[PDB]
């Protein structure tokens, strides 16, 4: 077989399309791998960038964008059926209408699930300077998940030396950093995760004081009392559901719950009830939700702290890396089954 090159400079652009809006849990077959065509040229008048995508993030929030809604009651618009999935990634600039960015610069920000994207505005892109770390880190510890852990722990939890900290989904992109931040502060830290592998990772890689497999614990209250005989000062909440109900009676007086996520609720049409809210009164607890995008003014301050800590080996990170856009649908769905061990990354292209 033989394929002539295009005399109009057309090349192939593989894409992951959302075929149609999703009800309940997403399936691989809700997405379609396709091959489009592109002339690698920016639209006339573009103030944006034409990029080659290198790495894509799989992030839990992305399921919410697969449900059809009008712009509102969500912080962000639905995906468009028939168009590529969009999400955070790391890309190389091919052409720019903004002279801040030149060919060969590396960026992170919202991009398409495709080999090549046009991003119409640069105002929400970050130009990468420090490349003495794996570039995939700018989807996790040096991107949106790392900023989430930094904001949620240091700005919402009011953490103090000697406090007790519980983290759910603790081996994941956000949780693995919260627990390290807490350990470095001098807190007692425990995490919950969904397998022996992830429990062992918490104790051995991340230095949590203890951890347990929630899927093997018939009695979550008894598990939390095993590790917190005098209660929990801070709950960093990533999951919601039965774990939140089990936590509430185990909070300390003036305890805090940072409500980062509620991933156990993301795929069911009607959420489970939280039943132990009386303990917010009895223990005088502050339960506070937050959105990372309200804290990006702190990003440069965050990088000034975390880059040298990674270099010094004070902070570490575990990524789950899968190869190719072809892998991306299964990697995204896998978040809701705990398939990922650490932060889920898709490698579209290393260069």
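Numbering follows the first chain given and starts at 1.
The mean Cα B-factor in the deposited entry runs higher for 115-123 than for the other of 163-171 and 115-123.
Remark: stretch with higher mean C-alpha B factor among 264-272 and 99-107 is 264-272.
Across the options 316, 284, 57, 46, the residue with the most elevated CA B-factor in the record is 46. When the Cα B-factors of 337, 330, 22, 341 are read from the PDB record, 22 comes out highest. In the PDB entry, a CA B factor belonging to the highest third of its chain's modelled residues is recorded for residue 67. Sorting the modelled residues of the chain by their CA temperature factor places residue 231 in the lowest third. The PDB entry assigns residue 256 a C-alpha temperature factor belonging to the lowest third of its chain's modelled residues. Ranked by C-alpha B-factor against the other modelled residues of its chain, residue 294 falls in the middle third.
Among all modelled residues in its chain, residue 218 ranks in the highest third by Cα B-factor.
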